[PDB]
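Quick notes on the structure that follows.
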Amino acid sequence: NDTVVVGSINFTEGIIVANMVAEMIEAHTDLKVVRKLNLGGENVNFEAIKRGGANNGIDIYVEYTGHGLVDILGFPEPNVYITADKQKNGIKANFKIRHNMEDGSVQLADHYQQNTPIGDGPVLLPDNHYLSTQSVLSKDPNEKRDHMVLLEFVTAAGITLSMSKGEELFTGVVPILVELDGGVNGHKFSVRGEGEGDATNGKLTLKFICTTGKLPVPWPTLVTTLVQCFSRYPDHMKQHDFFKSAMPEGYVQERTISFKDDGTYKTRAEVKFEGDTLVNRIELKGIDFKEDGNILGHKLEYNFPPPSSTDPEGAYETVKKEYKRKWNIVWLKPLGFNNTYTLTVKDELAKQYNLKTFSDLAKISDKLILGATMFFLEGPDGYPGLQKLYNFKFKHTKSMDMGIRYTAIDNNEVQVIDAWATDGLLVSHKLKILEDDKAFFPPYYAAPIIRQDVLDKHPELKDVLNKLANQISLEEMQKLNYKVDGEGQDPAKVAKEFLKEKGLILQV
């Protein structure tokens, strides 16, 4: 008759699902369940489970795959979106790097990038596309200087299915020399990197050494600054490779890297051929940095995010793998619903304009008004990035909180609203969810997760909580959330009755 702590945030769905977990544990084990309400941040349950029931924490809670992937692990290494900068005869790029910290924090680094050809020869000005990079950081146990070994795989994509003279310089393996002279808050340092790039495979192998003693910043903060000419452009996208077309004269790459709540890097680099060697010479100035912050205090983990989702189940397997390795938290089987953020329209408008996807809406955005939450319109991963990816051009966008957007779309003041996919008010307001076809919002698959040691003390918990696998669909979770948010039913009572009518608990 041991006790385990199940945690829940003060949100309808969270309370319902934690009550379900609790009732399953108590119905199939001799264990007592302590239901702990956690109030606060988005990872309040994550810190509660890292603490554990032994120290006023929790042992089990229902986590979401996308939340863990994005805000705790900083998964996928961003797809770097590249656009033509016609005024500069070059390209622009913006992206976010998410540096991991040991405690589950994420240091954001917003990257703004300008590339301009060095010579006056013609270059490829690309259609909008992206470069996907997978970076692996490692160490040479025989190297006593501050150093980083970097292995990178870059592939171009974003365009559905002969070459410049500069790409002819990339048919084989090209030696790479990288020189960085940097100053961060007055701390001067130099980095020299030697290696080789192979653009036909998109592979980069480099060894960077701080030649001036200890590096005052963490090595991953410099990975993006310390050779996109070595990206692998598939045969149908080679006309969009600005970087190779600018060779051998090369290009100037300038970047502003804004570390959220910390200083900024401003980098200017010349990327060019010298002899056979592709040389990247960089000047870096870092300013406004807290000397005890994540960057100057060396609080970032020595890694880059693990590789992307080639398998549509590899997202969940990635959170499982990383949570077990870093904090010994076991991800159990998913509950079965994807509580992703979404745009919804009244179903009759969707039927009138044959709307099923976000891009169908983006083709008609200029006619429609968007009434959304501040959470959506102002989130660093909300409406800005969604608009840039879909080129949303809504007639107006109105900030509507405190129930205003629901009544607004009901009264046709607004035609599109943001919502959680399991919002209980969606069906009662005859609203249709549209599919994020470009996958801007991460899938949010709910799955119980448990400390590994708690599972060692009571190994029966895995099966008892996996009895809920694929047992709650999006529609079922919607109906229960409506049972709590439309009618005033008790979340514990709604949960217990759902589990009873599905036969998941033995009572009665």
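Only the coordinates and a few stated rules stand behind these numbers; no lab work does. Cβ: placed from backbone, ideal geometry, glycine included. Neighbour counts: every protein chain shown.
Looking across region 1-25 at every residue that is in a helix (DSSP H, G or I) and charged (D, E, K, R), the one that is farthest from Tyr445 (Cα to Cα) is identified as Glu23.
Got a sec? Which of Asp360, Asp347 is within 14 Å of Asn412 (Cα to Cα) and surrounded by fewer than 18 Cβ atoms within 10 Å (Cβ to Cβ)? Please lay out each step first, then the result.
Details: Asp360 fails: within 14 Å of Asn412 (Cα to Cα).
After applying the criteria, what remains is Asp347.
Just so you know, in region 59-102 the residues that are out of contact with any strand residue (DSSP E or B) (no Cβ under 6 Å at 6 or more places or on another chain) and of a type in the set (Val, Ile, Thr) include one that is surrounded by the fewest Cβ atoms within 10 Å (Cβ to Cβ), and it is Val70. Counting only residues that are under 19 Å from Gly119 (Cβ atoms), among the hydrophobic types (A, V, I, L, M, F, W, C) and part of a loop (DSSP other than H, G, I, E, B), region 204-250 holds 3 of them.
Checking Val484, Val494, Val454 one by one, the residue that is among the β-branched types (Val, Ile, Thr) and out of contact with any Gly (no Cβ under 9 Å at 6 or more places or on another chain) is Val494 and no other. With a requirement of 1 or more residues that are over 22 Å from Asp59 (Cα atoms), the helices (runs of 4 or more DSSP H) lying completely within region 452-508 that satisfy it span 474-485, 491-501. Of everything in region 373-421 that's among the aliphatic types (A, V, I, L, M) and closer than 17 Å to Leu355 by Cβ, which residue is surrounded by the most Cβ atoms within 10 Å (Cβ to Cβ)? Of everything passing the filter in region 373-421, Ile417 is surrounded by the most Cβ atoms within 10 Å (Cβ to Cβ).
Go through region 422-433 and count every residue that is on the phi < 0 side of the Ramachandran plot and surrounded by fewer than 20 Cβ atoms within 10 Å (Cβ to Cβ). Break it down stepwise before answering.
Taking region 422-433 and keeping what is on the phi < 0 side of the Ramachandran plot, we get 422-429, 431-433.
Still in the running and surrounded by fewer than 20 Cβ atoms within 10 Å (Cβ to Cβ): 425, 427-429, 432.
So the count comes out to 5.
When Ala439 is tested against (1) surrounded by 16 or more Cβ atoms within 10 Å (Cβ to Cβ); (2) closer than 21 Å to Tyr383 by Cα, exactly one condition is not met: (1). When the residues of region 246-282 are narrowed to those that are crowded, with 18+ Cβ neighbours inside 10 Å and aliphatic (A, V, I, L, M), which ends up nearest to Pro122 (Cα to Cα)? Within region 246-282, the match that is nearest to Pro122 (Cα to Cα) is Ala246.
For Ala22, are the conditions met, namely being among the small types (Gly, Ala, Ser), in contact with a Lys or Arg (Cβ under 8 Å, 6 or more places away or on another chain) and within 30 Å of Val508 (Cα to Cα)? Even if it seems obvious, please write down each step before you answer.
Values: among the small types (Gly, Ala, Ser): yes; in contact with a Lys or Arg (Cβ under 8 Å, 6 or more places away or on another chain): yes; within 30 Å of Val508 (Cα to Cα): yes.
When the stated conditions are applied, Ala22 passes them.
Could you list, in sequence order, the residues of region 156-192 that are surrounded by 20 or more Cβ atoms within 10 Å (Cβ to Cβ) and of a type in the set (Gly, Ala, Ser)?
So in region 156-192, the residues surrounded by 20 or more Cβ atoms within 10 Å (Cβ to Cβ) come out as 156, 164, 166-167, 170, 174, 176, 178, 180, 182, 184, 189, 191.
Matches in region 156-192: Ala156, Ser164, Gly166, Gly182.
For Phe208, are the conditions met, namely being surrounded by 17 or more Cβ atoms within 10 Å (Cβ to Cβ) and farther than 24 Å from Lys139 by Cα? Here the answer is no, as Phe208 does not meet what is asked. If the condition is being among the β-branched types (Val, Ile, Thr), in a loop (DSSP other than H, G, I, E, B) and in contact with a helix residue (DSSP H, G or I) (Cβ under 8 Å, 6 or more places away or on another chain), then region 292-344 contributes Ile295, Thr340.
Consider region 117-155. How many of its residues are among the acidic types (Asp, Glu), surrounded by fewer than 17 Cβ atoms within 10 Å (Cβ to Cβ) and within 17 Å of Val80 (Cα to Cα)? Outline the logic, then answer.
Restricting attention to region 117-155, the residues satisfying the condition of being among the acidic types (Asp, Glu) are 120, 127, 140, 143, 146, 152.
Of the ones still in play, those that are also surrounded by fewer than 17 Cβ atoms within 10 Å (Cβ to Cβ) are 120, 127, 140, 143.
Next cut, within 17 Å of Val80 (Cα to Cα) only: 127.
The total comes to 1.
Taking region 376-409 as the range and being farther than 23 Å from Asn79 by Cα and in contact with a strand residue (DSSP E or B) (Cβ under 8 Å, 6 or more places away or on another chain) as the test, the residues that pass are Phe394, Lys395, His396, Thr397, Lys398, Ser399, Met400, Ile404, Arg405, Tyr406, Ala408, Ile409.
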